[PDB]
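Protein chains in written order, with the entry's author numbering: chain m, 10 to 118; chain q, 10 to 118; chain s, 35 to 109; chain n, 30 to 124; chain r, 30 to 124; chain k, 37 to 133; chain o, 37 to 133; chain l, 20 to 102; chain p, 20 to 102.
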Amino acid sequence: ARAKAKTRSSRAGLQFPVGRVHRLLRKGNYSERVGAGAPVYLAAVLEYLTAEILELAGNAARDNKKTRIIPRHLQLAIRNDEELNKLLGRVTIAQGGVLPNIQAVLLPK
Amino acid sequence: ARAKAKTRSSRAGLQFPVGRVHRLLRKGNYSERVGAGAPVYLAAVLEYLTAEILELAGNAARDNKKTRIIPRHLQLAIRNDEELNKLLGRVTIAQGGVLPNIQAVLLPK
Amino acid sequence: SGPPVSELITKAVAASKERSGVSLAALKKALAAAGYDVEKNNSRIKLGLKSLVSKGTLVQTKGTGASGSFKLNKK
Amino acid sequence: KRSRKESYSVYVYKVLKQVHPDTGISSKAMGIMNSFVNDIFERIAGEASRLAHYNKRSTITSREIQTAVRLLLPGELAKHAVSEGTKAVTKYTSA
Amino acid sequence: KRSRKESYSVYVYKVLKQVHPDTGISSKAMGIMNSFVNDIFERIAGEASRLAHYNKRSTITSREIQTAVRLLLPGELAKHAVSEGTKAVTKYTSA
Amino acid sequence: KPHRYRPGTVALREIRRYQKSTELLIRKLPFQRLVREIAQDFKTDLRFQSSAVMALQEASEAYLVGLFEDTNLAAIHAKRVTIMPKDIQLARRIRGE
Amino acid sequence: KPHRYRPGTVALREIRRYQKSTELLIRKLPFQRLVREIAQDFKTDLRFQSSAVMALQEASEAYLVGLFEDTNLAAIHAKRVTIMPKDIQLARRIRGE
Amino acid sequence: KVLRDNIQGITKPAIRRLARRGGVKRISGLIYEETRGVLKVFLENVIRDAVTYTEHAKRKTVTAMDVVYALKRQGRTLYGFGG
Amino acid sequence: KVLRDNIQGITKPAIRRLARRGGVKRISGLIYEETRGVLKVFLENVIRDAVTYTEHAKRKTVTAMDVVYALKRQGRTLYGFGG
DNA sequence: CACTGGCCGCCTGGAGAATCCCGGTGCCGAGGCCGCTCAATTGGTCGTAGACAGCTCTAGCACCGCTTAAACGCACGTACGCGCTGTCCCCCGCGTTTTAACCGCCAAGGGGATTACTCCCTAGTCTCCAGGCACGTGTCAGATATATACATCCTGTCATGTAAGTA
DNA sequence: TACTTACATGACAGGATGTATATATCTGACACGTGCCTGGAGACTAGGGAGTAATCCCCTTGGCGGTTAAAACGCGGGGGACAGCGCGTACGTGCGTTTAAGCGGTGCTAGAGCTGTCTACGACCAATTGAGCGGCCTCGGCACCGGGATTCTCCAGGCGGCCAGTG
Numbered sequence: 010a011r012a013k014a015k016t017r018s019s020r021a022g023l024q025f026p027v028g029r030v031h032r033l034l035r036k037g038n039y040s041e042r043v044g045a046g047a048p049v050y051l052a053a054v055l056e057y058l059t060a061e062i063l064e065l066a067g068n069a070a071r072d073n074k075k076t077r078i079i080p081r082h083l084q085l086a087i088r089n090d091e092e093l094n095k096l097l098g099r100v101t102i103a104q105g106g107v108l109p110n111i112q113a114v115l116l117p118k
Numbered sequence: 010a011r012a013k014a015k016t017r018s019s020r021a022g023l024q025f026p027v028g029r030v031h032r033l034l035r036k037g038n039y040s041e042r043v044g045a046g047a048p049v050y051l052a053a054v055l056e057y058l059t060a061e062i063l064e065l066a067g068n069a070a071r072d073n074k075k076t077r078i079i080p081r082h083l084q085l086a087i088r089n090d091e092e093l094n095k096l097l098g099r100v101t102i103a104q105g106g107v108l109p110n111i112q113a114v115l116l117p118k
Numbered sequence: 035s036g037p038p039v040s041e042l043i044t045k046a047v048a049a050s051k052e053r054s055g056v057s058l059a060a061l062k063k064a065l066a067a068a069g070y071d072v073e074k075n076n077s078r079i080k081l082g083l084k085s086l087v088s089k090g091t092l093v094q095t096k097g098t099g100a101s102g103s104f105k106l107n108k109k
Numbered sequence: 030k031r032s033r034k035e036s037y038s039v040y041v042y043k044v045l046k047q048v049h050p051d052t053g054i055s056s057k058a059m060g061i062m063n064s065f066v067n068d069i070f071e072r073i074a075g076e077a078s079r080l081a082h083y084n085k086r087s088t089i090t091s092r093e094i095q096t097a098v099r100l101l102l103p104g105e106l107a108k109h110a111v112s113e114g115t116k117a118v119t120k121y122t123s124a
Numbered sequence: 030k031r032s033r034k035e036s037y038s039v040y041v042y043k044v045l046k047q048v049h050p051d052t053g054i055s056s057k058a059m060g061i062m063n064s065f066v067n068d069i070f071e072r073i074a075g076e077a078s079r080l081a082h083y084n085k086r087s088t089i090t091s092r093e094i095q096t097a098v099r100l101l102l103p104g105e106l107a108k109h110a111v112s113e114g115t116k117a118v119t120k121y122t123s124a
Numbered sequence: 037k038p039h040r041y042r043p044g045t046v047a048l049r050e051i052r053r054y055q056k057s058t059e060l061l062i063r064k065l066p067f068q069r070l071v072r073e074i075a076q077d078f079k080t081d082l083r084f085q086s087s088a089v090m091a092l093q094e095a096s097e098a099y100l101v102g103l104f105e106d107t108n109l110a111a112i113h114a115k116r117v118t119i120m121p122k123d124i125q126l127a128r129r130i131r132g133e
Numbered sequence: 037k038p039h040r041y042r043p044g045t046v047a048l049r050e051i052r053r054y055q056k057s058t059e060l061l062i063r064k065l066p067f068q069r070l071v072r073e074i075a076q077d078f079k080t081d082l083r084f085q086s087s088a089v090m091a092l093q094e095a096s097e098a099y100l101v102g103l104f105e106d107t108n109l110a111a112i113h114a115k116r117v118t119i120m121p122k123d124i125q126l127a128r129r130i131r132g133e
Numbered sequence: 020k021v022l023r024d025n026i027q028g029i030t031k032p033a034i035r036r037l038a039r040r041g042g043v044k045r046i047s048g049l050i051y052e053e054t055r056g057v058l059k060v061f062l063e064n065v066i067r068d069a070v071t072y073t074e075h076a077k078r079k080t081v082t083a084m085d086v087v088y089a090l091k092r093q094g095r096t097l098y099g100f101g102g
Numbered sequence: 020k021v022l023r024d025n026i027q028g029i030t031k032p033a034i035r036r037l038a039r040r041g042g043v044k045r046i047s048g049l050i051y052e053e054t055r056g057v058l059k060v061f062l063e064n065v066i067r068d069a070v071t072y073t074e075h076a077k078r079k080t081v082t083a084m085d086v087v088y089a090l091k092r093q094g095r096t097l098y099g100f101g102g
């Protein structure tokens, strides 16, 4: 007489896996106990981050008139947002290249 | 009736507390299991590291005609050992100051 | 129009006549104070000073080329 | 047949579809996205563990995650993530 | 009546007297040694934790910390450390 | 005529003194007042352990001495002995701020 | 008369070319050989995934482009446009090596 | 109780002394106010971290140990304060 | 079998291309050898850690997994190979 | 003395080439469907981590009175950034020749890596005890002060080399 | 044309002052004794992670032929590095002054911290399923090829300004 199996991601109205992130926290050994709201909150944080970065990547690709996200688009999306740049200054995206940035002394008169 | 008390640090011939290191590893959430020789090894490396840094501190104190270690001696010991300085590059010692270090172009003539 | 550049350079060097030769920067400031477009005539004044030092009316004191110090002839 | 290797494929793809109904993603950029989410998850988990240690608390709570996110993410990213997590935890507590 | 506050005074003092019979210590430098051993403990323990976790190993062994000390300490610090650690675990095995 | 050293020699003696000495270089009370002002922006009615102000003081002097030694490296890189602001922005921008 | 661009113009044009482009800039197989050469210095008979050579490569252009951008900043700091050994040493000194 | 212009409390000779510890011979006069700005940025970051630690503990008295934690999170490790 | 000198395989045009990606306009002649030395030093710093990881795993095969893990430890974290 | 050609700098249009942009085409990764299985879910339980109230005590804060150390400021000086120019050479661009990188194609085998097994090792629990420690005390290494000795820095002075007037 | 004289320069002695150096002194911070209790150790058990044996197959290594893009080399040359030299300023340094930090003392209390209660809350665990991953197939987005237009670049050519030679 069990109830229907509903999902905690749908309970939070989210698509990031609440159960799987909770599993990764429990087996990732950060404490012996993990509160119930913590993986939900974390999944919301991750989903917001991924949503806005894919948003920036989508506008970059649409600006690049490509309908598919390529790592160059991700690199442009990271480095054109200063807060994500400060978040991710220490990382390298594979095959991302760099921003087109020219020092003014390099350009001719 | 029962065996007489014998410390694990004396079993390893060490001064650093093997039992306390084992306890802190268990409560430090690094793994749920810790091997028996693992805190012995960690106490050994900690005891060795303290040995050279305190030796260099004592040598610097002897150079300063000082009987007791001052934090200036510790700063001088770390920054004059490039192996330790590579270990503790991003490190500040409180009230340690810096090396006497003047660039060559700063000097007169 | 007015006079050409050689006369004004001679006036600039003869206005002061220091023990050391006059520097090019002070000479530019002097001719600007008298009133002259030094901006589009840097090449003009440099070729003029080479012309006058080469023709012997004025002698180089210390420097080389347009740099350094300029002082008058013995007579 | 080979054993299952976990990925963040379907979740990030569904989020991309919600934020952009039309566009697609390359597979290698998709692996980059997987690495991104894994790295950020690791960072927040590490901060949560450290604050749990510092306050001698045995339990990772939503408060601890909120404090860790405020620690790590800068500015409007921090308060927007706080708002999103707050809305999510209010929805989940309301079942 | 007080609550318990732990530190590493006696061990640093004994190893100092072992390396220098006549050399003293100041209390501030003594706290610096306390914090030093604490910090090196967290570094080695955490990297031992990653070496354990990432290879699907649930246990810290002496081999785990041997890999970790090989990682963090540059050059002959690593070799001397692994030498005396090997000698110490050998003595603990023999006793 | 009263005695007077040439410039830099007094500065070099300051270099040797302050690299020899370990005590604080900024005054304690205005730094504590400044820390209270900065923390007033985030939370009202904060109190500070004296050791907390001391640790923040150590952080401040350590970060600034590191900043000026890298600034000195930048200045002598540009064949100068006088540091200027572009040295500090260069050092911070290379370091990652 | 045969045609010839002035110096730097080709340089700036392929600045734009390689900053627009994303692909690898080191030749693949000599880099793979160099990686194995370093590998046999630590342990004999090493074998490499192709992706391992790829990842060492991506990290190598990552570190080299970052270092070279920072040395470019050091060089324009010194009122020059050509990077020098002192630029490399300066950037590694502030960066921390 | 209200604090209004406290950045000037880090006086000019204090910055001169800090530059002397760093090995700086000659300092421009334009330097001091931007070092006040940079120092302000450093403290506002680290005190933002430490204050966040403080309100996390449901305390409103700042402790030194949290400042050690904040410098740890900035990767600017400090010994000598009970770390 | 053995390899004795392959550092010249990182050719002078390859250093030129890397400088071009970084925005470098003009490159001195002495640059190339010390950039080979720098890329050298970075490589043994990475690969020493990588083979330490590999021998800890008791494997004789380097993975990109261990390579990006060595980059993770060394502080130049890489996206695009994890997992 | 005035005219006029000649040299230099500046402005401008045109030719060529890299690139942008427009098409077609064929291809292979992306996306979507299906099968599968294993990990999230439900529900309950149990033990306990932390919230909550309360009580203590200590240290952070507020105030104040002297007390000089330091900060402010100004003035004089000098040395340092720096702007300009001139020179030299060194690296960019381009053409030619070479060469090995790459592709792509095929063989082999060795090691990841998976499953199974069986076993040593480690967490757990109870008991016991001694080592680390808060706390107290005393006491000498070092701070502090005073008095000397020398290092060092800046300057005045003397011998020398060189430019200049002149017999 | 060579001789004699004035100015710039460099070497050296010497004084002022800062800094080492010897010694008295007191002091409080370091060093050591003591009650103790709490965390470390002994012993034994459950059980399980993990070492190890066997296999496989997949991925890595090895090697061979062809092409050509890329590397190497040489020439040329122009542009950047940089040395030097003057200038003007802008900090350094040293004097005096203000004041505000700093030290010492006092009082308050607010919050840190520590103790007891309990109760919500999260881990454990058997049964269950459906959500997410492995595998397969297709096609259309996109890489590649090809052709026209555009922009950029570099240089040839035209115009003005000044200057110098000559009738």
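Idealized CB from N, CA, C, for every residue including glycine.
Rounding to the nearest angstrom, what Cα-Cα distance links residue i and residue j in this structure?
i: residue 100 of chain o; j: residue 37 of chain p; result: 7 Å
i: residue 47 of chain s; j: residue 91 of chain s; result: 11 Å
i: residue 77 of chain q; j: residue 52 of chain r; result: 5 Å
i: residue 78 of chain o; j: residue 67 of chain o; result: 18 Å
i: residue 96 of chain q; j: residue 66 of chain r; result: 13 Å
i: residue 64 of chain s; j: residue 54 of chain l; result: 41 Å
i: residue 87 of chain l; j: residue 29 of chain l; result: 22 Å
i: residue 70 of chain p; j: residue 81 of chain p; result: 7 Å
i: residue 54 of chain k; j: residue 39 of chain l; result: 6 Å
i: residue 99 of chain m; j: residue 90 of chain p; result: 11 Å
i: residue 95 of chain o; j: residue 122 of chain k; result: 30 Å
i: residue 37 of chain o; j: residue 118 of chain m; result: 26 Å
Look at the Cβ atom of residue i, then the Cβ atom of residue j, and state whether they are nearer than 8 Å.
i: residue 21 of chain q; j: residue 74 of chain r; result: no
i: residue 103 of chain m; j: residue 85 of chain m; result: no
i: residue 91 of chain r; j: residue 50 of chain q; result: yes
i: residue 44 of chain l; j: residue 46 of chain k; result: no
i: residue 61 of chain r; j: residue 41 of chain l; result: no
What residue range is occupied by the uninterrupted alpha helix (DSSP H) comprising residue i?
i: residue 101 of chain o; result: 86-113
i: residue 28 of chain l; result: Where residue 28 of chain l is concerned, there is no enclosing alpha helix (DSSP H), given that its DSSP letter is neither H nor E.
Under DSSP, the beta strand (DSSP E) around residue i begins and ends at which residues?
i: residue 105 of chain s; result: 103-106
i: residue 93 of chain s; result: 92-94
Excluding five sequence neighbours on each side, which residues of the same chain lie with their C-beta closer than 7 Å to the C-beta of residue i?
i: residue 119 of chain k; result: 107, 108 and 111
Enumerate in chain order the residues of its own chain whose CB-to-CB distance from residue i is below 8 Å, with the five nearest sequence positions on each side excluded.
i: residue 86 of chain r; result: 80 and 93
Rounded C-beta distance between residue i and residue j? I'm assuming under 8 Å.
i: residue 76 of chain k; j: residue 22 of chain l; result: 6 Å
i: residue 26 of chain p; j: residue 70 of chain o; result: 6 Å
Keeping to the same chain, check which residues put their C-beta closer than 6 Å to that of residue i; ignore five residues upstream and five downstream.
i: residue 32 of chain q; result: none
i: residue 99 of chain r; result: 107
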